[PDB]
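output the structure for:
(9 chains)
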Amino acid sequence: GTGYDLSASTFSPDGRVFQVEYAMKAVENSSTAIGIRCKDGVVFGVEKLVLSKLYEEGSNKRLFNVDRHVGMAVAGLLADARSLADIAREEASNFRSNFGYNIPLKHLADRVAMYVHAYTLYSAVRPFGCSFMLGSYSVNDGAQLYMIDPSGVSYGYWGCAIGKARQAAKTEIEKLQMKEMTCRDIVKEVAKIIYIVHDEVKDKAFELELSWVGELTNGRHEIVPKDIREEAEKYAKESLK
Amino acid sequence: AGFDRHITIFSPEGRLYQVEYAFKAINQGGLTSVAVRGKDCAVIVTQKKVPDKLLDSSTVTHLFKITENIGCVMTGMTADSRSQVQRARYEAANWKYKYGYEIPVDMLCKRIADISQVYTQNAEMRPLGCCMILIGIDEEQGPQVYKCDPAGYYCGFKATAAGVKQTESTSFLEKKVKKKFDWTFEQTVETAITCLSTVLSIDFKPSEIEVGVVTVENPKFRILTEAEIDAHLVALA
Amino acid sequence: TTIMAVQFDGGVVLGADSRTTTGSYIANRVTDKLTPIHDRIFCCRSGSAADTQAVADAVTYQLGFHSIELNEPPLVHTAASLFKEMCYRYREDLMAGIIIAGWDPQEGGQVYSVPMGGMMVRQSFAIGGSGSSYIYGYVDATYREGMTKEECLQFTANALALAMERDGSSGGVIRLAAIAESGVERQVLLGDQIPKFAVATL
Amino acid sequence: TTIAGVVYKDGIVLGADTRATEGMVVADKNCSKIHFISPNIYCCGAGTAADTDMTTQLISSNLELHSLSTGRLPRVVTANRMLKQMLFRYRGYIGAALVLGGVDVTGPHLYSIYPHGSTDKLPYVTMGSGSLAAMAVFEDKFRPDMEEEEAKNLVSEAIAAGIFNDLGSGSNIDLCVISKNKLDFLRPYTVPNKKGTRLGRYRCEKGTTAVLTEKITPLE
Amino acid sequence: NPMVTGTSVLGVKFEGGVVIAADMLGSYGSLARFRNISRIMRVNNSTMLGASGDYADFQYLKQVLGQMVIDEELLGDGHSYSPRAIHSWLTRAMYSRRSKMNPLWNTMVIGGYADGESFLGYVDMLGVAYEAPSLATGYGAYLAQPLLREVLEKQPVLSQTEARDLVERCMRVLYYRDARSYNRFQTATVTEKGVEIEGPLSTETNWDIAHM
Amino acid sequence: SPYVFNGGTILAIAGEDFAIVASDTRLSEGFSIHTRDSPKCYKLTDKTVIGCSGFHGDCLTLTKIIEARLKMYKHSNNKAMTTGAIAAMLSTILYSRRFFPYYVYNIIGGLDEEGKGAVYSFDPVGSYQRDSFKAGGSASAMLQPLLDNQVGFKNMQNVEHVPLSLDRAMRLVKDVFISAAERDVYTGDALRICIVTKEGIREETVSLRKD
Amino acid sequence: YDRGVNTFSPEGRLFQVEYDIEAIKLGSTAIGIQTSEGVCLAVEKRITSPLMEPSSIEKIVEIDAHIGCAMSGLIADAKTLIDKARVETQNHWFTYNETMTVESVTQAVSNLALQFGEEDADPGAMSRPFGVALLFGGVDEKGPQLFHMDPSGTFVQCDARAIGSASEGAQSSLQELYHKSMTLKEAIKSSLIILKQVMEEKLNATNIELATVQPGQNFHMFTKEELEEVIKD
Amino acid sequence: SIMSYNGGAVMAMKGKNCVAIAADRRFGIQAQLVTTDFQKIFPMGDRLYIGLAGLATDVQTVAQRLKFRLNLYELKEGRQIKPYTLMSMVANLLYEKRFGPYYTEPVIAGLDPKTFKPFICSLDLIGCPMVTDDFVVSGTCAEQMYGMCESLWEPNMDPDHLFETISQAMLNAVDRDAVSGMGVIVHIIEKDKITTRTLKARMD
Amino acid sequence: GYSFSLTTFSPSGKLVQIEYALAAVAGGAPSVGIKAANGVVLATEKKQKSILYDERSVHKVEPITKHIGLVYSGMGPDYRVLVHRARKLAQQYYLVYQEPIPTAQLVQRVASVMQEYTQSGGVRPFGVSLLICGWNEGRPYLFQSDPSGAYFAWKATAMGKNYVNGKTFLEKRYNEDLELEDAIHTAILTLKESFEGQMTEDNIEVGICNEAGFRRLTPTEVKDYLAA
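Residues are numbered from 1 along each chain as shown, chains lettered A, B, ... in the order given. Let me share the structure:
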């Protein structure tokens, strides 16, 4: 390719917008950020690597509270992802101001995907480099999980594995029953997954982040308590060997 | 030349290489589709490829409800298909609000193509890669099929196919209209399904196909849940 | 003008008159003051006719466009809030005094009021117009919890009739509409169908 | 000033007067009011007499555009919507009272429009100074499902009762009939009153007016 | 031009906390149209508010404050708003909107309980703001403030029950000598635990004077 | 209306090595009283002080503007602001809103750059001048003559020209405010005093008549 | 070019500014030093023909009675910041009724250096930076001060600075001939002898411009005869 | 009002194959003469004339703008303009300034250069043309003109009789208005010649 | 938005994009137009070759006013824009003068638009040349407009695939004395001269402008005409 990859306003001979492949190539170099949905809520298992340990425990946070009932887990550049979080917050606030009830999830996904895809046509902008996932739960409807790529696609899943280890991790979610077990007995599976997938020689150390939503939190998206994170880590460390 | 392949401008021969390149972007998804018209019914059939058992089946669908009495199906570069669909929806509603009555099909396809044309004139943008098929029912001409393009050229059809296997499917459908016959409800679906069964050699399953119909007795867009697809697939069994 | 709306278990009932006036002359004696907004949601216009018609048309457009996406029947609170914003952003240029009523699958029959200011209140029943002042005492002494459909129908009819005798800016035909889960049913009352009360004579 | 419109079995009938007054001095005695909106739609208009002409021309242009683009006969709902919106956009500073009516694929249709953006869909309507007597005639002698030569007489009577009884209207009477296969535009339909005969002359001689200068310019 | 209005509001501070009281009526001119609406809200766990005047502008401010608090309760930083900040924001909003001749016909009363310290504010349509241990809007400034003042000038240390009873008493007097009132009023409190609201209440009444 | 009358008077005095700013602490509106604790004197620096009276909502948002401008000057020039510069800034701040002005009567007091006393009087449009004593407010008309007599020695014969002190001026302003309360209604319920001298600032509060 | 203007190199440094600073060394030489009782400023004029009366060549101007300036490089782009300086000084005297210091002036003047961009940039704005080196000078509340400027907004206080083409020789010969308790006479003599050392002509009595600022007097630009008495040595 | 601040009057009549247009001559400020040679009739091409009455400023402005437009019209497409198009042009020009209008009341009179038949038109402040076949007037003394013309104007008249009757009407009319008069001028248009005349009136 | 011209002068002073657009139009559909004594005729060809292709769906000889019509010979989508713009210029003319706009002004106003796309930013020239007919003032008119903005008043012209052969053949088979029927016959003959296949009553569309107005011919009358 001579110059067919210098702009987002150019189709290559076979038909391809190379600048988007080149962007998504960025998320293939970040840490794994899987998340699932069984029967009553969503659960994310983001993992943040340890670098320059002089930092505090809780820097480079990769789990935002987009709204009172939805949660986000990102993967890739943090700045663009923060911008998109602000975008989603504004969208969900305007929706409520105009209509008068909590926004659903399908509409949020579609709107944010339109915003993301607006940048895949012109040459005056740069395609995003983040691929995130949204999770929510309600009483009228049920549990809803989604995912977005830098191109603007929105599909509904039962389990996702955004990150560099996109493969070899989805398999570890197949054997599990991601529709029957309740939202309390899956933290262990997610933890042991992200633990056994991790490489111990190419990387020094890491820290584990979590989240929760469902009937236990009454639809509110909150961090996972530490008293159960202790037993989760114990389960993982005992199961690895 | 020089910048003739990077933007919408003319070569020494008058061609727009960008649109020609975009035409090939429909074959990336690896999908297909067909659409036929009969005596009092219009029908559409599309494929459904879901390789991962972990993916929610009831969220992937190229069929959309532009508006009651009208329906569409898309092909290629899914990311832009939803944009085109949203545009169609907004246009239809604005028309119903401005002029008091519903918008027909030909009008909507013409408007969408009018919009998809300036992208072949301005340079700060590129043409979208997708093919839109539409079906509707008008009280004057009866059923109506239509199809836009990435270049802005539309035209009326009786039957057609789109996606990867386009020419190999047209060469087969051309052999059936040569014998004009009566197609009410059961003679369109069978033909549309045999087209795919013969071009792909699949022996289809009642979840590997998506079907959308509209007939005179009930001019509302439907989806033909598995309960009826099974019956219509065993009918010709 | 005189408009009334009532709520029962599985649906609602509406009621309105059929007169329009531009002073002491009657420009129309059949006008329809019941404007559908969706398949199962209605409205009731008062005050200026131009503003009411414009607002209702715009709300219908917005609600159809918002429902065609979500792929779900809308709610009544949504339309009521749309009305609220449209009538509050222009409270210095409008005179509407509107009522909303309808049905939805989450909650049963719903009623809301929206006066000229731009408020929004839900209530077991509601009334509006110039001829309502003359019946504020009749709906209070007759309402009761546990009412069926026919009861609400005849109740609305009687109240309308009693408001259309003493007021000069209201009268004519009585239009009614009953809303429920299965579907809608309209009705019109005139002549010997309207109730009558004996006049006092010494 | 004495518009009127009515619907009958197989179409629509429409009528008006032919007088205009600038204050209290008759400026014209044959003015046209029944305007053409589309080959099957006609709009009669009172008001300030310019705000109603410009509006009609604009709506006719836009309707011709819509017809050429679509490829079939226009309708009445579109004109009603256009006028409604354009008048509401001005908060009433456009006096454009009209009795628009016409026929389309569906049955006949009769609307009445007011300068603010209000409309009605009555079967018979009036307008202008002199509308009350005409409406009285209608309320008295109107019936449903009438024929052509009865509706014409009805409209003619309704107009005459507003001519001889209002100081702001009187002249020859117009008319218009619209069916699915007919567009009779009768102008004039009847003449109720005329000028009286003269009983003498004034001796308009030649060479009885003084002059101070003169000039001539020849042409080719 | 306000159409649907609200009448006086009361607020008094006891030891470690504050209490507020307000009736339930959207009077239109001289008509008692709406009779079961609430004019008190709950911003957060340590702040509550009350309004008089027009009811729509009250709803607008209610919506905006709710959205502000929600936007605050998302990030998670250990910080939060205190009654002082709410008071300042309200005062500035009213002033800026009045300087454009499009005011908000409302009169705001703010309570609260910070760390060991209480609060009780006052805001008007023009931006007039001050604090005090007691206050009242509308006719409540002529028939209620005097009693409260006379009671504090001899005992500036009040318990919960004392404030509750005094509030009930002043509300009774308002119901007697005011023409746009009603016997359905809410009484809200804010302690170290949180905020609480008592349902629709009614006062005792005597009319024996009518026998003379 | 966009204005209100809240009442309030202010007094200021200068000397050789000190300045004094006295005020009431009452806020009223109409025939009723809002509160009995709302002072007017405000400290800007360790050597200058201000006093404002009139419409409250206008006297509450100007103080913030001055504070912000002081901070910004200190951040930009790397030094604090004197008194004359404060007055020259307030003139422009007031004249900005000329066709939609404030309704506040300000008085500034402090020490001159030399070490002497300075008081500046203003008007709601932005015309200021330096003086030795002023009593802007609701009761100016009652106080100005007494101050003229007891500090300028006018209409007096064979009277020396002794200077003034701190205690003398304090007693004088106290007696004056005591006197002006029995004839004016917008004045009473408290008294506040702020003294500024070569060792900083002092504040004092005094009880008055209730009515 | 094919490299834009608001770009970085693989060294952390912009391109256009690194290119404009390479121009200052094509201008005339200027010198400025400070003492406990006054500041001296001097500049050279590179005439080209016996014509062109040097009375018009003006490179030392008056920002105010207590503040002056000297420029080097592109004299054209220089007469755009001087008006801004005067404007700000007068606006300050108008709003606060006092005199603007030197640091504030130099900061306000240098805030306008990196405002440039090929895009919108509020049209009517700059497409490139100024190529000029400025040397201020004056008395203020805290004795005599002196500053320096560069085309990147990186001003710095100094006590004896020299710019122009040969800015090295006039610094290596200025580090050793300075002490914190020198007077005005010897200051000016040292400045003039080092100018002589770096001048290209025979140092006529009109090939140079000079000025001084001390507390008593205001900005005073010397005449032709005063420049004689001093050059006798 | 403001229209009567200056005064004026103009009239137009039809004939067999000819047409006539007449106007007064006076300029003053509300009670006071200033001059007697004011112009109110302007040519708009051979065999077509237009007259204006009201605020002098506005008649001047309207004439200037109208010529500005008409010259360009005739230059783009090479052909003389016909009266109906001129009427519509003027109506649009007046309606453009519906708010802040021009206080004027034009009157157009001419022939058709294809079949030399007459045409006369009378617009108003904004529009509402009155295409008649008898006569038209415009000014402050309109009642007098409507009363004198109606009696006269037999349906068919030759140039001489037409001049005579229009002159007599105008003269006996403006002699009953105080803010209009002090002279009269008349123009007659035929197929191959144009006639211009002034009259002997009372200069009081 | 881009703000700079993409069409510029070469060392030989030639604008290249124009030559390229013209080469494009020269590879499109053939079309012919004739002006006789009574009125004008326009004919084209349906280049499509397939069976399904509902034919009563799209046209190429759409009208403008009651007495004006168009036909193109380049690429489709860039023809509907000009249709929509002329249909509005005519309405502006009528609204100002209350008289239908003639042809010699419509062509000017349309070339004024087809030109400004040659020195404006971000856009390229059109790829379509038009043939337009009309009848005004007892006089028929026929015009051609090219993508550069120059209008030619022609007489029995032909443009499209083999415009050269069509012109050479038509130069010797036209005179300003025929009626309209001879014009129909000559137009069909010219269209058939360069055809590839077998003519029929569906592959072509026709339009006529006479003392009444513009009118496209139904698929029945062209059938009768097809017989010689």
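
in the longest helix seen in chain I, what counts as buried?
Taking DSSP state H as the criterion, chain I has its longest helix at helix I:77-97. Residues of helix I:77-97 classed as buried by neighbour count (16 or more other C-beta atoms under 10 Å in any protein chain shown): I:77-83, I:86-87, I:89-91, I:93-94, I:97. (C-beta placed from N, C-alpha, C; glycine too.)

residue boundaries of the helices in chain E?
So, for chain E - with DSSP H - the helices run E:56-75, E:83-98, E:140-143, E:145-152, E:160-177.

whoops, chain B was the one
Counting by DSSP H, the helices of chain B are B:17-23, B:78-99, B:105-115, B:167-177, B:186-200, B:226-235.

closest one to chain G among those?
Among the helices of chain B, helix B:17-23 comes nearest to chain G, with 23.5 Å by C-beta to the nearest C-beta.

which residue ranges of chain H form helices?
H:56-76, H:83-96, H:142-151, H:159-174.

correction: the previous question concerned chain A.
A:18-24, A:78-98, A:105-117, A:171-174, A:187-196, A:226-239.

helices or strands next to the longest one in the packing?
If I follow you right, that is helix A:78-98. strand A:63-67, strand A:70-73, helix A:105-117, helix C:76-88, helix E:56-75 (3 or more C-beta pairs under 8 Å, 6 or more residues apart in numbering or on different chains; DSSP states H and E).

now with 6 Å, please.
Counting contacts by 3 or more C-beta pairs under 6 Å, 6 or more residues apart in numbering or on different chains; DSSP states H and E, helix A:78-98 is packed against strand A:63-67, helix A:105-117.

these into CSV, with extra columns for distance to residue I:115 and mean neighbour count?
Listed next are the helices and strands packed on helix A:78-98 as CSV, based on distance: least, C-beta to C-beta, whole Å; neighbours: other C-beta atoms under 10 Å in any protein chain shown:
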stretch, distance to residue I:115, mean neighbour count
strand A:63-67, 52, 22
helix A:105-117, 36, 19
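
can I get those in CSV with distance to chain I?
Listed next are those as CSV, based on distance: least, C-beta to the nearest C-beta, whole Å:
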stretch, distance to chain I
strand A:63-67, 34
helix A:105-117, 20
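
which residue sits closest to the residue of chain E found nearest chain A, ignoring its sequence neighbours?
Using C-beta to the nearest C-beta, the single residue of chain E nearest to chain A is residue E:74, 4.5 Å away. Counting by C-beta to C-beta, 6 or more residues apart in numbering or on different chains, residue E:74 lies nearest to residue A:65, which is 4.5 Å off, once chain neighbours are set aside.

that neighbour is in contact with residue E:73, isn't it?
No: if you go by C-beta atoms under 6 Å, residue A:65 and residue E:73 don't touch, sitting 8.3 Å apart.

doesn't residue C:7 fall inside a strand?
Yes: counting by DSSP: H, G, I helix; E, B strand; the rest coil, one finds residue C:7 located in a strand.

bridged to it, which residues?
Beta-bridge partners recorded for residue C:7 (DSSP bridges): residue C:12.

wait, what's in contact with it?
C:109, C:111, C:124 (C-beta atoms under 6 Å, 6 or more residues apart in numbering or on different chains).

now with 7 Å, please.
With contact set as C-beta atoms under 7 Å, 6 or more residues apart in numbering or on different chains, residue C:7 has these partners: C:109, C:111, C:124-125.

show me which of these are buried.
C:109, C:111, C:125.

which residue packs closest to the first one, ignoring adjacent ones?
Same thing as residue C:109. Using C-beta to C-beta, 6+ apart, the closest residue to residue C:109 is residue C:12 (3.8 Å).

give me the distance between the residue of chain A found nearest chain G and residue A:7.
Residue nearest to chain G within chain A: residue A:124 (9.8 Å; C-beta to the nearest C-beta). Applying C-beta to C-beta, to the nearest Å, the value for residue A:124 to residue A:7 is 10 Å.

before we move on, what about residue F:10?
69 Å.

again with residue D:38
For residue D:38, the distance to residue A:7 - C-beta to C-beta - is 50 Å.

shouldn't residue D:58 be within a helix?
Yes: checked against three-state DSSP, residue D:58 lies within a helix.

neighbours of it, just the number please.
Residue D:58 has 15 neighbours, counted by other C-beta atoms under 10 Å in any protein chain shown.

equivalent analysis for residue C:137, please.
Residue C:137, neighbours per other C-beta under 10 Å, totals 9.

equivalent analysis for residue C:198, please.
By other C-beta under 10 Å, the burial measure for residue C:198, its neighbour count, is 5.

surely it is within a strand?
No: counting by three-state DSSP, residue C:198 falls outside a strand, being coil.

now do the same contact list for it.
Contact analysis of residue C:198 by C-beta under 7 Å, 6+ apart lists nothing.

got the phi/psi numbers for it?
The phi/psi pair for residue C:198 (degrees, to the nearest 10) reads phi -60, psi 140.

quick one on the thing from earlier: which one of residue D:38 and residue A:7 has more residues nearby?
residue D:38 (21 against 16).

wait, that one touches residue D:61, no?
No: taking contacts as C-beta atoms under 7 Å, residue D:38 lies outside contact range of residue D:61: 11.0 Å.

how about the helices of chain B, which one is nearest residue F:187?
Closest to residue F:187 of the helices of chain B is helix B:78-99 (C-beta to C-beta; 65.9 Å).

thinking again about what came up before, got the helices of chain H as JSON lines, with mean neighbour count and distance to residue E:170 columns?
Below are the helices of chain H laid out as JSON lines (neighbours: other C-beta atoms under 10 Å in any protein chain shown; distance: least, C-beta to C-beta, whole Å):
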{"stretch": "helix H:56-76", "mean neighbour count": "14", "distance to residue E:170": "71"}
{"stretch": "helix H:83-96", "mean neighbour count": "19", "distance to residue E:170": "66"}
{"stretch": "helix H:142-151", "mean neighbour count": "18", "distance to residue E:170": "76"}
{"stretch": "helix H:159-174", "mean neighbour count": "21", "distance to residue E:170": "84"}
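
of those, give the one that comes closest to chain D.
helix H:159-174 (4.6 Å).

how about the nearest residue to residue 163, chain neighbours excluded?
Unless you meant another one, I'm taking chain A. residue A:32 (3.5 Å).

I was thinking of chain I, sorry if that wasn't clear
Nearest to residue I:163 is residue I:26, by C-beta to C-beta, 6+ apart, at 7.1 Å.

tell me, how many residues neighbour the one you found?
By other C-beta under 10 Å, the residues close to residue I:26 number 17.

do the same with residue I:125
Residue I:125, neighbours per other C-beta under 10 Å, totals 25.

who's in contact with it?
Taking C-beta under 7 Å, 6+ apart, we find residue I:125 in contact with I:7, I:17-18, I:21, I:117-118, I:147.

cool, and residue C:121?
By C-beta under 7 Å, 6+ apart, the contact set of residue C:121 is C:112-113, E:34, E:37.

residue of chain F with the smallest distance to chain H?
Nearest to chain H, among the residues of chain F, is residue F:99, at 26.7 Å (C-beta to the nearest C-beta).
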